[PDB]
Amino acid sequence: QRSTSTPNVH
Amino acid sequence: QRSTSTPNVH
Amino acid sequence: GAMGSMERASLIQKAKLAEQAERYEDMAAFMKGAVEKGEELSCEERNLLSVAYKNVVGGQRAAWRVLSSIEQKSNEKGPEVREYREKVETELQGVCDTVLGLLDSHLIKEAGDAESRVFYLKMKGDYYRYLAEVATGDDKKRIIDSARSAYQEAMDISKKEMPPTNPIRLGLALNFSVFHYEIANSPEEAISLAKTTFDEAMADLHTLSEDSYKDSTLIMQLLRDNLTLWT
Amino acid sequence: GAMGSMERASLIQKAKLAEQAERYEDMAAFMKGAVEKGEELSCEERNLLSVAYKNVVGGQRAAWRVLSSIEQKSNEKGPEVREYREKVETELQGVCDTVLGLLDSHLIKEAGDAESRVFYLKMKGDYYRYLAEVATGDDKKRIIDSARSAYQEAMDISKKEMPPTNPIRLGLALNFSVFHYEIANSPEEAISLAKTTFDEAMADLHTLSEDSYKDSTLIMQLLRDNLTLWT
Ligand SMILES: *CC(=O)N1CC2(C1)CN(S(=O)(=O)c1ccc(Br)cc1)CCO2
Ligand SMILES: *CC(=O)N1CC2(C1)CN(S(=O)(=O)c1ccc(Br)cc1)CCO2
Ligand SMILES: [Cl-]
Ligand SMILES: [Cl-]
Ligand SMILES: [Mg+2]
Ligand SMILES: [Mg+2]
Ligand SMILES: [Mg+2]
Ligand SMILES: [Mg+2]
């Protein structure tokens with residue numbers, strides 16, 4: 001399980 | 001709602 | 001073409017890797033290169049070809065439908081929606097033309113398995129049907145008849161050569177009934193074909209094959225779903 | 001380029017249509033053409049640019065990871081897995097090079113909003129980080145330092161010019177901490193940055209903005225998730 005980066009939105 | 005055709009599989 | 005220097009077996013291998021990686025444009029290019037080697041495709045390889053191009057054209061149809069719906073609601077102010085819909089439409093037509101050219105140049109033959117002959121004629125009917133979803137003018141009539149002719153020839157073979165539970169026969173009849181309902185404006189033909197196909201598979205249910213019965217029963221459920229939608 | 005004859009406003013409009021149609025390669029091409037008009041991008045337009053290229057490169061990273069894992073398990077027999085991994089890798093690098101060239105040639109400036117300056121330097125750190133995920137040799141050191149330098153410059157500005165709940169500041173710190181943990185092999189730096197960022201947003205929670213608070217609270221939850229993973 002990798003780290004979570006900023007997701008897409010809007 | 002459209003008709004359903006053959007799906008992808010395998 | 002771009003795939004001409006690669007060995008057939010490497011192209012198949014890479015099509016399988018591209019499927020795993022969900023790179024369907026790559027996987028279609030690899031399978032097009034495999035087809036262009038001029039040998040027949042096995043069932044497993046026909047599945048690879050089918051999955052790749054269906055994924056590619058499916059994304060194009062989905063995009064085209066979004067844009068077309070926006071275009072229709074804006075007709076109730078600039079050229080941009082139409083131009084971009086025309087762009088996606090042209091790309092979709094190009095993929096259908098590519099598939100149909102492969103079928104005509106390489107894959108559709110008099111010899112071979114019933115499975116192969118029915119599957120490729122089914123494919124031809126499908127990609128003509130996708131062209132017909134976006135056609136309008138004198139082209140549209142030409143395309144609709146081409147789809148019907150390919151479906152009907154596939155139906156004739158499947159009914160003579162294939163058990164009524166065979167998944168290619170079932171998927172063909174499912175797609176032909178969708179053609180009748182959505183393209184040819186012949187609802188009654190679509191219910192009657194779908195009902196006849198379901199009932200005949202059910203009457204000879206004992207002909208399910210142990211290597212494909214899950215595929216058969218999936219398509220008979222989809223026949224039932226369409227019948228429920230249409231009734 | 002290919003977009004040079006289209007009006008800026010039409011390019012923006014078409015980028016929005018392409019987003020709706022989930023045609024992210026198109027939408028990135030449209031936004032690249034918009035950037036090349038040489039005017040600044042608004043917040044809404046930076047979001048379009050960001051969404052397009054992140055979707056494109058995200059699919060490439062996902063594919064590259066699948067192939068790389070297959071390649072590593074097969075190293076425990078032909079060249080095909082490596083060649084196809086190299087193919088996807090080259091395409092990914094090309095997209096990162098395209099984004100970084102746009103940042104350097106058009107978007108990164110001394111003037112403008114803190115928002116814009118931080119966002120573009122964050123972008124530069126991210127796409128160097130994506131290059132670093134697939135780099136190996138003398139390039140890899142050059143790329144890792146380039147990512148850090150861009151992140152650090154963005155951090156300096158965001159801490160001076162932005163409230164600690166600002167979503168660009170938060171997303172930057174989240175991505176920098178991911179850089180520390182996954183790329184730079186500095187776990188402790190990543191927990192400490194992520195914890196400092198979360199705690200400082202929480203201490204000044206009253207600075208949440210009513211047009212972006214949902215974005216802020218999403219990133220602080222993602223900071224917490226990473227901290228839970230890393231501890
Ligand atoms: C063995 C063979 O020729 N093929 C081609 C197929 C396996 C089946 N077709 S299909 O379109 O006939 C189909 C039937 C049933 C289902 Br659930 C899905 C698709 C697709 C390619 O693979
Ligand atoms: C106003 C402005 O410049 N922008 C760019 C953004 C809106 C935000 N960024 S981001 O990467 O900073 C980001 C922050 C928070 C979330 Br939940 C997601 C992304 C992305 C593009 O739009
Ligand atoms: Cl266009
Ligand atoms: Cl390759
Ligand atoms: Mg060969
Ligand atoms: Mg047309
Ligand atoms: Mg202009
Ligand atoms: Mg390399």
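Atoms within each ligand, like the ligands themselves, are counted from 1 in listed order. Quick note: numbers below take in every heavy atom, side chains included, and nothing from hydrogens, waters or symmetry partners. Order of the sequence lines fixes the chain letters, A, B, ..., with proteins taken first and strands second; residue numbering starts at 1 for each chain.
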Taking only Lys NZ, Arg NE, NH1 and NH2, and the carboxylate oxygens of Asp or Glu, determine whether C:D145 and C:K141 approach each other closer than 4.0 Å. yes

Thinking salt bridges, do D:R82 and D:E86 make one under a 4.0 Å N-O criterion? yes

Any residue meeting salt bridge (charged side-chain N to carboxylate O under 4.0 Å, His left out) with D:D215, in chain and number order, not counting sequence neighbours: none

Got a donor-acceptor contact below 3.5 angstrom from the D:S42 side chain to the D:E45 backbone? yes

Can you pull out every ring-ring contact (aromatic ring centres under 6.0 Å, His included) where at least one residue sits in residues 122-158 of chain D? Sequence neighbours excluded, please. D:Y127-D:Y130, D:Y151-D:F176, D:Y151-D:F179

Taken by chain and residue number, the protein N/O/S atoms under 2.8 Å from the Mg ion (ligand 8) read D:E89 OE2

Only counting residues at least two apart or in another chain, list the ones meeting salt bridge (charged side-chain N to carboxylate O under 4.0 Å, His left out) with C:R117. C:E161

